[PDB]
Amino acid sequence: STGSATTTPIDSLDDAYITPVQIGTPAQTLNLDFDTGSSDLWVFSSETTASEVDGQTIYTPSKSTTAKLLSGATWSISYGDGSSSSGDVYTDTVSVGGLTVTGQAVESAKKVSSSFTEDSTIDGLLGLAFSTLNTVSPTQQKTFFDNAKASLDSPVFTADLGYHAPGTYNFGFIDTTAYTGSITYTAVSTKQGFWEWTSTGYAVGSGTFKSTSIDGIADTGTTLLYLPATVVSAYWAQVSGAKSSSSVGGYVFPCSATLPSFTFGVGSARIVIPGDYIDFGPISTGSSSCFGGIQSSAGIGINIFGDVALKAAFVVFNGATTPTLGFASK
């Protein structure tokens, strides 16, 4: 089997991407944030505290003939941005882009933090990291991808995120028309439950490539590119007036600037992030200070190849027995 679904930016900054997902019988379609940095499929639901729901579409298990309470199971998750959610668990039929899993754990939110409530466009998350990170207790549950894997033509999914435009998540096949040149594959460590890999270095603009190992995670659920302070300082030094602002929470730059590109290495290959992808616009409406899309990972504890980096590439998440990641230009 295979699946193919379009993923769409939630706003004009590509802050996140939503993908329609069918849950239950008859189908209830919710727009979920596919997150390769976590491993829970959770939704706003008929159980979510009413004051914490503001415009989201909810899953109502009592209206699904295939929903079953997973008795005694609870879940609770906290994300790197400080947001969180928790609740109980149903199993139900879940379909993405024509690919159906029966018996998928659908985590029903009883509580969500403010950032989720305030984002009316995101109806929940669909985790695509390794199932060892799944938070369901006392019986850990599998991700949609892990459940689908045996049925897939090939044990892979791909992320093809757009810049200010829709893109695609495919399951079970590699669309050879969706990228240019060749795909370069690189080793993954699953020790921390993430799609963790080592970039071979970077360049700023037209500058020389610096060969240096940068361990980090491929994370579709993180907006920006978070890299070591040395690397980030080298980038922003090439932008007149750019500075790190503790009051704002990172690097800002004059909105009149033209940003240089940023290149990262994948083995001997190179992925180029255009300068425009690094512009996250005014820090507040009407401001001439703009927020940067490359930020320091210092104090996160991990480097994160988020959407800024991933949307510059066609990315293969290879879930074979020995997992790997592939990157191609597009």
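Residue 1 is the first one shown; counting continues down the chain.
Each residue, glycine too, has its Cβ placed from N, Cα and C.
Going by Swiss-Prot, these are the annotated features:
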type     : residues  : note
DOMAIN   : 17-328    : domain 'Peptidase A1'
ACT_SITE : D35       : active site
ACT_SITE : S199      : active site
DISULFID : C255-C290 : disulfide bond
Whole-number Å value for how far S199 (active site) lies from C255 (disulfide bond) (Cα to Cα): 30
For the recorded positions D35, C255, the one whose C-beta sees the most other C-beta atoms within 10 angstroms: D35
Euclidean distance between Cα atoms of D35 (active site) and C290 (disulfide bond), Å: 26
Surrounding CB atoms that lie within 10 Å of the CB of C290 (disulfide bond), all protein chains: 22
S199 (active site) to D35 (active site) - Cα separation in whole Å: 20
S199 (active site) CB neighbourhood, other CB atoms within 10 A: 22
Conformational class of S199 (active site) under the three-state DSSP mapping: strand
